[PDB]
Amino acid sequence: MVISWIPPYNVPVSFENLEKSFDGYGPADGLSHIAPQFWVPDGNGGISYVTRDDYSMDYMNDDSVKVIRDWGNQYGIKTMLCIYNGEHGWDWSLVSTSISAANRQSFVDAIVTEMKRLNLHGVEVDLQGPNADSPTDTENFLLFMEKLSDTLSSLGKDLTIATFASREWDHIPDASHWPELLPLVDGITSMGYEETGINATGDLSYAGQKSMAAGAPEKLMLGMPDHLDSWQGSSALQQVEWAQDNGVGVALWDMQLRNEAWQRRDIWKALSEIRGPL
Ligand SMILES: CC(=O)N[C@@H]1[C@@H](O)[C@H](O[C@@H]2O[C@H](CO)[C@@H](O[C@@H]3O[C@H](CO)[C@@H](O[C@@H]4O[C@H](CO)[C@@H](O[C@@H]5O[C@H](CO)[C@@H](O[C@@H]6O[C@H](CO)[C@@H](O)[C@H](O)[C@H]6NC(C)=O)[C@H](O)[C@H]5NC(C)=O)[C@H](O)[C@H]4NC(C)=O)[C@H](O)[C@H]3NC(C)=O)[C@H](O)[C@H]2NC(C)=O)[C@@H](CO)O[C@H]1O
Ligand code: NA
């Protein structure tokens, strides 16, 4: 899989980038999935569009989501409802109350209802709890993911999740949860960015990332940053080439394509080859 995201700020730039062709290759050739990060939990079992008035409020609406969806439908690209908990910083409390026994079914229902309402192709879960794991949070989050997975499966829809890239800390969800998440999802985006690479250390090396996904490495997407042309002692293109040669995917955060290296034909050609035809 090859995924990218549209954050809820600077949206005009991301929208322009969707239609770019860098001398013949661009996002329409490289992505299988596109994820507008436009929704948040309300904390009581429901969901909401982003509402911060200093974000791209002119785009937090159904018509703008359908622009993305219709763009992707031309190519067989899938638009994913991306729900996150970072509107005002990363707030795990919004997730913890959503995945409790009282609200969990309502939360799944609200997510799926919104995806169906807009004729989207699946859900990209981007709910982040830095240093927030506990036994209760692990259980409840995995019960949430299993229920969401079963519901989306019956609808023929895709499910992806973004996680922290390490396992040795107390993050949720992180690579210590991959063995339980892999059977439930179509893809996992490891949010390693400049901390993971060919030459990084241990679990954060790309070999270590793939090893932690050993149950189903074809479902792993290595997270790579649009604002850098290199990290961990390799070029952006080299990092993509490692994914190509080692049977994993790529997750590009994000569609602002801020560094010129991500505005080049070569890297989009490589992503197109990783993706394959749709
Ligand atoms: C201390 C301890 O006890 N243990 C240490 C342990 O914690 C360490 O583990 C590391 O912790 C850090 C900190 O928690 C982790 O860093 C976080 O990682 C996640 C996942 O990568 C990041 O979230 C995703 O990644 C991108 C890139 O950061 C996110 O994009 C950012 O999103 C924010 C919020 O929307 C954007 O901010 C907005 O920016 C606009 C424009 O500038 C501005 O107008 C807005 O006002 C502003 N809004 C807000 C609310 O701030 C920001 O621009 C954007 N960044 C970029 C580059 O585009 C994206 O949303 C997340 N989702 C997806 C999908 O990618 C998270 O952002 C990041 N937190 C911080 C503070 O940077 C780290 O992952 C983790 N590392 C590992 C390996 O586990 C370890 C290791 O260091 O050491 C222990 O000691
Ligand atoms: Na852990």
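So here's what we get for this one:
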item	result
Candidate set: segment 3-20, residues that are within 14 Å of ligand 1 (Cβ to nearest atom) and of a type in the set (A, V, I, L, M); chosen: the one surrounded by the fewest Cβ atoms within 10 Å (Cβ to Cβ)	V13
Segment 6-41, residues that are of a type outside the set (A, V, I, L, M) and closer than 13 Å to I77 by Cβ	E19, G26, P27, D29, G30, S32, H33, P36
Test: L220 is within 30 Å of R264 (Cα to Cα), in contact with a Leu (Cβ under 6 Å, 6 or more places away or on another chain) and of a type in the set (A, V, I, L, M, F, W, C)	no
Number of the condition not met by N44 [criteria: (1) part of a loop (DSSP other than H, G, I, E, B); (2) of a type outside the set (D, E); (3) more than 21 Å from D109 (Cα to Cα)]	(3)
Matching residues, segment 176-197, being within 20 Å of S154 (Cβ to Cβ) and charged (D, E, K, R)	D186
Every residue from segment 53-95 that is more than 16 Å from ligand 1 (Cβ to nearest atom), crowded, with 16+ Cβ neighbours inside 10 Å and among the small types (G, A, S)	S64, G72
Number of positions in segment 214-225 that are free of Cβ contacts under 8 Å to residues at least 40 places away in the same chain, touching a helix residue (DSSP H, G or I) at 6+ places or on another chain (Cβ under 8 Å) and surrounded by fewer than 22 Cβ atoms within 10 Å (Cβ to Cβ)	4
Test: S4 is away from ligand 2 (no atom under 16 Å from the Cβ), in contact with a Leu (Cβ under 6 Å, 6 or more places away or on another chain) and touching a residue at least 12 places away in the same chain (Cβ under 8 Å)	yes
Residues satisfying the stated conditions in segment 21-49, i.e. crowded, with 22+ Cβ neighbours inside 10 Å and under 23 Å from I99 (Cβ atoms)	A35, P36, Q37, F38, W39, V40, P41
Complete set of residues in segment 68-83 that are of a type in the set (A, V, I, L, M) and free of Cβ contacts under 8 Å to residues at least 60 places away in the same chain	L81, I83
Selection from segment 153-182 of residues that are more than 10 Å from ligand 1 (Cβ to nearest atom) and over 17 Å from the mean Cα position of the chain (by Cα)	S153, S154, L155, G156, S176, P179, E180
Boolean, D150 is more than 10 Å from ligand 1 (Cβ to nearest atom) and either hydroxyl-bearing (S, T, Y) or over 15 Å from the mean Cα position of the chain (by Cα) (or both)	yes
Scan of segment 48-67 for residues that are of a type in the set (V, I, T) and farther than 16 Å from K157 by Cβ, ordered by number	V50, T51, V67
Which listed residue, of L271, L204, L257, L237, is out of contact with any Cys (no Cβ under 8 Å at 6 or more places or on another chain), touching a residue at least 60 places away in the same chain (Cβ under 8 Å) and over 20 Å from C82 (Cα atoms)	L271
From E146, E114, residue being in contact with a strand residue (DSSP E or B) (Cβ under 8 Å, 6 or more places away or on another chain) and either away from ligand 2 (no atom under 16 Å from the Cβ) or aromatic (F, W, Y) (or both)	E114
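For every residue, the table says whether it meets (1) of a type in the set (S, T, Y); (2) under 24 Å from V11 (Cα atoms).
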site: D63; (1), (2): no, yes
site: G89; (1), (2): no, yes
site: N131; (1), (2): no, no
site: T136; (1), (2): yes, no
site: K157; (1), (2): no, no
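For (1) over 20 Å from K78 (Cα atoms); (2) within 15 Å of ligand 1 (Cβ to nearest atom), each residue gets a yes or a no:
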residue: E114; (1), (2): no, no
residue: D126; (1), (2): no, yes
residue: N131; (1), (2): yes, yes
residue: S134; (1), (2): yes, yes
residue: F141; (1), (2): yes, no
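Here the Cβ is made from the backbone with ideal geometry for all residues, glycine too, and neighbour counts use every protein chain on show. Coordinate-derived values only; no laboratory data.
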